[PDB]
Amino acid sequence: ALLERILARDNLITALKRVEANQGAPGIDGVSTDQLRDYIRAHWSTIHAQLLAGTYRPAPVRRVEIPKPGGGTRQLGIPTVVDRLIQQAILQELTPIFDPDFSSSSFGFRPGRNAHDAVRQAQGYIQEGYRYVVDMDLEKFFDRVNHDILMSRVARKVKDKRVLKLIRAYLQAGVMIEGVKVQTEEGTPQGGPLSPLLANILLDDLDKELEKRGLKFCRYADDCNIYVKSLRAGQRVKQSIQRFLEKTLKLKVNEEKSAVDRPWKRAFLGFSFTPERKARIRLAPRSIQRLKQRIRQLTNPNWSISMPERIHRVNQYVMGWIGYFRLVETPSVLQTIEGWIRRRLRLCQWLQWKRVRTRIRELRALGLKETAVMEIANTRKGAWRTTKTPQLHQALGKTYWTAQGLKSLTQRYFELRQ
DNA sequence: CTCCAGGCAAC
RNA sequence: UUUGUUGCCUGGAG
Ligand SMILES: Nc1ncnc2c1ncn2[C@H]1C[C@H](O)[C@@H](COP(=O)(O)OP(=O)(O)OP(=O)(O)O)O1
Ligand SMILES: [Mg+2]
């Protein structure tokens with residue numbers, strides 16, 4: 001059966017290689033991903049037989065406080081490298097059980113389904129005429145999943161009694177705070193390999209309820225949004241779905257994140273819209289500011305690495321960042337930020353030549369006319385003031401940086417579009 | 001299509 | 001320090 005299908009050698013080996021490639025910090029027994037192969041070889045005959053007998057209880061998850069981009073504290077649950085391996089072996093077998101019957105409008109944590117599909121369908125509804133959105137998010141979503149309602153939904157397709165006892169055992173296994181087990185009443189661990197799938201199993205009935213209601217929607221994780229023709233119809237369905245998820249699935253709504261507002265005034269998965277009739281996708285103001293804050297720390301303030309290294313470090317971030325944010329339809333702001341990136345990268349190049357004699361030595365070697373070299377080498381202006389001056393743009397502008405190995409932001413934006 | 005070193009994003 | 005999933009991307013062994 002399913003526990004036998006989970007404990008199959010090929011399914012365990014692929015699950016092992018995942019946590020190995022993850023390189024995640026150890027659980028509460030302190031054993032690392034590096035020791036994971038050596039640890040299971042010694043403890044396998046026990047682990048295998050003790051969970052075959054239904055006597056196996058997993059070790060508690062490690063509490064780690066990480067800050068969220070919103071500001072608040074996110075509590076993580078880090079399982080034992082074995083407890084991460086076992087959950088993986090459960091996930092790998094539970095995906096073909098649950099995934100095909102998941103919603104067409106479900107996009108979160110799913111194989112072959114991305115954030116772009118969630119936005120393309122989202123712009124496709126407002127383009128059709130549904131020019132109002134009911135954006136919704138859930139209060140501490142992974143912390144608030146009810147154990148009884150969840151395994152009710154797990155038992156719907158899974159008939160094997162041994163795995164239902166095993167998943168419950170993982171859910172019931174507590175946390176370690178000051179060397180003591182702290183039993184869990186509600187919540188699936190924020191860091192359990194299986195836990196993102198269990199999140200989709202619970203809210204599949206919410207998907208089924210919305211599909212029965214005949215509503216045009218997009219869901220990614222707990223961040224769900226329904227696309228309506230009007231503000232009156234949106235406000236109406238804002239309360240009736242809140243009542244549904246609070247009663248039938250027992251979940252609390254984050255009212256600070258949830259709104260009935262216009263799609264272009266709100267952000268969805270790092271993207272926003274334009275007030276146009278056929279609405280174009282734009283960068284959300286949070287996503288622009290997260291980029292700008294990252295470039296400020298990547299470019300040298302009082303930092304000390306090699307500049308050819310720095311250019312490559314800027315390269316790997318920007319080219320990756322544009323890989324996700326290729327979906328935006330406004331290249332104008334993308335043209336500005338690349339110019340801003342060049343402008344910011346000019347600042348740390350200007351301070352590198354600290355001496356006035358080195359300033360003249362390099363600018364004359366670059367090709368710039370002596371008339372302009374001596375005019376700006378001994379200037380009294382500030383460091384950020386000098387980076388916008390006509391002469392520093394001539395010696396060190398667009399043509400210089402591209403020759404120095406800086407990969408252009410806009411060039412690869414159109415390359416990924418083509 | 002599977003796996004390895006790394007990176008970007010969403011959650 | 002910092003976990004997990006999912007998508008994509010650069011390079012590599014098949
Ligand atoms: N880095 C992560 N690692 C593991 N799980 C994560 C991570 N980020 C998000 N999740 C999971 C747990 C969250 O409950 C769920 C939905 O994300 P999100 O709404 O941002 O957080 P949240 O619901 O815990 O907080 P909030 O109460 O502030 O809305 O996705
Ligand atoms: Mg939430």
# chains A, B, ... in the order shown; residues from 1 in each chain; ligands from 1
call {"tool": "residues_around", "arguments": {"residues": "residue 122 of chain A", "least_positions_apart": "2", "cutoff": "8 Å", "atoms": "only C-alpha atoms (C1' of nucleotides)", "output": "compact mmCIF listing (two decimals) with N, CA, C and O atoms, in the first residue's frame"}}
result
# COMPACT_ATOMS: atom_id res chain seq x y z
N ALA A 118 -0.78 32.92 -12.46
CA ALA A 118 -1.71 33.57 -11.53
C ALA A 118 -1.98 35.03 -11.88
O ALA A 118 -3.07 35.53 -11.62
N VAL A 119 -0.98 35.69 -12.48
CA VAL A 119 -1.10 37.11 -12.89
C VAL A 119 -1.69 37.25 -14.31
O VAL A 119 -2.49 38.16 -14.55
N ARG A 120 -1.30 36.36 -15.22
CA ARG A 120 -1.85 36.32 -16.59
C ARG A 120 -3.36 36.07 -16.62
O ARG A 120 -4.07 36.66 -17.44
N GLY A 124 -6.32 38.85 -17.28
CA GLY A 124 -7.31 38.36 -18.24
C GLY A 124 -8.75 38.55 -17.81
O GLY A 124 -9.64 38.60 -18.66
N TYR A 125 -8.98 38.66 -16.50
CA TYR A 125 -10.31 38.92 -15.95
C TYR A 125 -10.68 40.40 -15.97
O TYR A 125 -11.80 40.75 -16.34
N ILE A 126 -9.73 41.26 -15.58
CA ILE A 126 -9.93 42.73 -15.61
C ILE A 126 -9.97 43.30 -17.03
O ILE A 126 -10.60 44.33 -17.27
N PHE A 217 -11.74 33.72 -10.27
CA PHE A 217 -10.75 33.94 -9.20
C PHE A 217 -9.33 33.47 -9.52
O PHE A 217 -9.11 32.71 -10.47
N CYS A 218 -8.38 33.93 -8.71
CA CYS A 218 -6.99 33.47 -8.73
C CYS A 218 -6.50 33.24 -7.30
O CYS A 218 -6.62 34.12 -6.44
N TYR A 227 -12.28 38.15 -8.80
CA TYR A 227 -12.47 39.24 -9.75
C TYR A 227 -13.95 39.43 -10.10
O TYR A 227 -14.57 38.55 -10.72
call {"tool": "interface_residues", "arguments": {"of": "chain A", "to": "chain C", "cutoff": "7 Å", "atoms": "only C-alpha atoms (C1' of nucleotides)", "output": "compact mmCIF listing (two decimals) with N, CA and C atoms, in the first residue's frame"}}
result
# COMPACT_ATOMS: atom_id res chain seq x y z
N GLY A 24 19.76 22.82 4.19
CA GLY A 24 19.09 23.53 5.27
C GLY A 24 19.72 23.28 6.62
N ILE A 66 12.27 34.49 12.37
CA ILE A 66 12.74 35.23 11.19
C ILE A 66 11.81 36.41 10.88
N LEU A 76 9.35 29.84 12.42
CA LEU A 76 9.62 28.67 11.60
C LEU A 76 9.63 27.39 12.43
N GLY A 77 9.27 26.29 11.78
CA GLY A 77 9.37 24.96 12.37
C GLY A 77 10.34 24.11 11.57
N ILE A 78 11.54 23.92 12.10
CA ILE A 78 12.60 23.16 11.42
C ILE A 78 12.67 21.72 11.95
N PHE A 109 2.24 26.65 -4.49
CA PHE A 109 2.97 25.43 -4.10
C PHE A 109 2.80 24.21 -5.03
N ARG A 110 2.44 24.45 -6.29
CA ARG A 110 2.05 23.36 -7.19
C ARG A 110 3.06 23.08 -8.31
N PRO A 111 3.25 21.79 -8.67
CA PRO A 111 4.17 21.41 -9.76
C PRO A 111 3.68 21.84 -11.15
N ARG A 113 3.18 24.84 -12.18
CA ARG A 113 2.32 26.02 -12.03
C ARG A 113 3.04 27.13 -11.27
N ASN A 114 3.04 28.32 -11.85
CA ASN A 114 3.85 29.45 -11.38
C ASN A 114 3.04 30.70 -11.04
N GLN A 190 5.99 25.45 9.83
CA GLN A 190 6.55 26.39 8.85
C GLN A 190 7.97 25.98 8.49
N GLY A 191 8.08 24.94 7.65
CA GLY A 191 9.35 24.34 7.29
C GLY A 191 9.30 22.83 7.13
N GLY A 192 8.11 22.25 7.26
CA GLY A 192 7.87 20.85 6.93
C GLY A 192 7.71 20.71 5.42
N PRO A 193 8.46 19.79 4.79
CA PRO A 193 8.42 19.57 3.32
C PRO A 193 7.05 19.21 2.75
N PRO A 196 3.38 22.55 2.67
CA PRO A 196 2.75 23.31 1.57
C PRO A 196 1.65 22.57 0.79
N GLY A 320 18.79 37.49 -12.40
CA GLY A 320 17.86 36.58 -11.73
C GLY A 320 16.56 37.28 -11.39
N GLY A 323 14.39 37.79 -14.28
CA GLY A 323 13.82 36.49 -14.66
C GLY A 323 12.40 36.28 -14.18
N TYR A 324 12.14 36.72 -12.95
CA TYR A 324 10.80 36.72 -12.38
C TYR A 324 9.98 37.93 -12.83
call {"tool": "select_by_dssp", "arguments": {"residues": "segment 15-196 of chain A", "states": "strand (DSSP E)", "output": "PyMOL selection string"}}
result
chain A and resi 61-67+73-78+132-136+175-176+181-182
call {"tool": "write_last_selection", "arguments": {"atoms": "N, CA and C atoms", "output": "compact mmCIF listing (two decimals), in the first residue's frame"}}
result
# COMPACT_ATOMS: atom_id res chain seq x y z
N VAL A 61 9.82 20.14 16.10
CA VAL A 61 10.43 21.11 15.17
C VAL A 61 11.07 22.30 15.90
N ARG A 62 12.22 22.77 15.40
CA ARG A 62 12.96 23.85 16.04
C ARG A 62 12.39 25.24 15.73
N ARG A 63 12.09 25.98 16.80
CA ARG A 63 11.58 27.35 16.73
C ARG A 63 12.68 28.34 16.35
N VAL A 64 12.49 29.00 15.21
CA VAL A 64 13.39 30.07 14.77
C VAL A 64 12.56 31.30 14.36
N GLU A 65 12.89 32.44 14.97
CA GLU A 65 12.26 33.72 14.67
C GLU A 65 12.97 34.39 13.50
N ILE A 66 12.27 34.49 12.37
CA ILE A 66 12.74 35.23 11.19
C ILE A 66 11.81 36.41 10.88
N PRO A 67 12.38 37.57 10.50
CA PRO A 67 11.53 38.72 10.18
C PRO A 67 10.91 38.64 8.78
N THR A 73 7.10 39.13 13.07
CA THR A 73 7.93 37.94 13.29
C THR A 73 7.25 36.72 12.70
N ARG A 74 8.01 35.97 11.90
CA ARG A 74 7.57 34.67 11.39
C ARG A 74 8.29 33.56 12.14
N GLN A 75 7.51 32.71 12.81
CA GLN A 75 8.04 31.54 13.52
C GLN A 75 8.13 30.33 12.60
N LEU A 76 9.35 29.84 12.42
CA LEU A 76 9.62 28.67 11.60
C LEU A 76 9.63 27.39 12.43
N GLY A 77 9.27 26.29 11.78
CA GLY A 77 9.37 24.96 12.37
C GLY A 77 10.34 24.11 11.57
N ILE A 78 11.54 23.92 12.10
CA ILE A 78 12.60 23.16 11.42
C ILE A 78 12.67 21.72 11.95
N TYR A 132 -12.90 45.02 -10.89
CA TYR A 132 -12.78 45.12 -9.43
C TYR A 132 -12.34 43.79 -8.81
N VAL A 133 -11.49 43.88 -7.79
CA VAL A 133 -10.92 42.69 -7.14
C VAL A 133 -11.18 42.66 -5.62
N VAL A 134 -11.41 41.45 -5.10
CA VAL A 134 -11.55 41.22 -3.67
C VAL A 134 -10.33 40.42 -3.20
N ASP A 135 -9.24 41.14 -2.93
CA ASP A 135 -8.00 40.52 -2.47
C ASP A 135 -8.10 40.10 -1.01
N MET A 136 -7.63 38.89 -0.72
CA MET A 136 -7.76 38.28 0.62
C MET A 136 -6.51 37.56 1.04
N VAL A 175 7.17 21.79 19.62
CA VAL A 175 8.39 22.58 19.43
C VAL A 175 9.28 22.48 20.67
N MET A 176 10.57 22.77 20.50
CA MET A 176 11.52 22.81 21.61
C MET A 176 11.86 24.24 21.98
N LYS A 181 9.47 19.92 25.22
CA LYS A 181 8.43 19.69 24.22
C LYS A 181 7.20 20.57 24.48
N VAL A 182 6.80 21.32 23.45
CA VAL A 182 5.62 22.19 23.53
C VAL A 182 4.60 21.71 22.50
call {"tool": "closest_atom_pairs", "arguments": {"of": "chain A", "to": "ligand 1", "cutoff": "6 Å", "atoms": "only C-alpha atoms and all ligand atoms", "output": "Markdown table"}}
result
| residue | atom | partner | partner_atom_place_in_ligand_line | distance |
| --- | --- | --- | --- | --- |
| A:138 | CA | ligand 1 | 29 (O) | 5.3 |
| A:139 | CA | ligand 1 | 27 (O) | 3.7 |
| A:140 | CA | ligand 1 | 27 (O) | 3.3 |
| A:141 | CA | ligand 1 | 14 (O) | 3.8 |
| A:142 | CA | ligand 1 | 14 (O) | 3.8 |
| A:190 | CA | ligand 1 | 5 (N) | 4.8 |
| A:191 | CA | ligand 1 | 4 (C) | 5.0 |
| A:221 | CA | ligand 1 | 16 (C) | 6.0 |
| A:222 | CA | ligand 1 | 16 (C) | 5.5 |
call {"tool": "interface_residues", "arguments": {"of": "chain A", "to": "chain B", "cutoff": "12 Å", "atoms": "only C-alpha atoms (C1' of nucleotides)", "output": "PyMOL selection string"}}
result
chain A and resi 13-14+17-18+20-23+68-69+107-110+113-119+137+141-142+190+196+199+219-224+268-271+287+290-291+312-327
call {"tool": "residues_around", "arguments": {"residues": "segment 362-364 of chain A", "least_positions_apart": "4", "cutoff": "12 Å", "atoms": "only C-alpha atoms (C1' of nucleotides)", "output": "list in words"}}
result
residues 349, 350, 352, 353, 354, 355, 356, 357, 358, 368, 369, 370, 371, 372, 373, 374, 375, 376, 377, 391, 392, 393, 394, 395 and 396 of chain A
call {"tool": "decode", "arguments": {"residues": "chain B", "atoms": "C-alpha atoms (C1' of nucleotides)", "output": "PDB file, in the first residue's frame"}}
result
ATOM      1  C1'  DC B   1      13.950  13.665 -18.508  1.00  0.00           C
ATOM      2  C1'  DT B   2      17.142  12.656 -13.873  1.00  0.00           C
ATOM      3  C1'  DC B   3      20.977  14.435 -10.778  1.00  0.00           C
ATOM      4  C1'  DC B   4      25.083  18.205  -9.070  1.00  0.00           C
ATOM      5  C1'  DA B   5      27.257  23.673  -7.742  1.00  0.00           C
ATOM      6  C1'  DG B   6      24.793  28.173  -7.594  1.00  0.00           C
ATOM      7  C1'  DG B   7      21.197  32.201  -8.299  1.00  0.00           C
ATOM      8  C1'  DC B   8      16.304  34.997  -8.699  1.00  0.00           C
ATOM      9  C1'  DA B   9      11.280  35.293  -7.283  1.00  0.00           C
ATOM     10  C1'  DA B  10       6.552  33.919  -5.016  1.00  0.00           C
ATOM     11  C1'  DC B  11       4.540  32.211  -0.574  1.00  0.00           C
TER      12       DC B  11
END
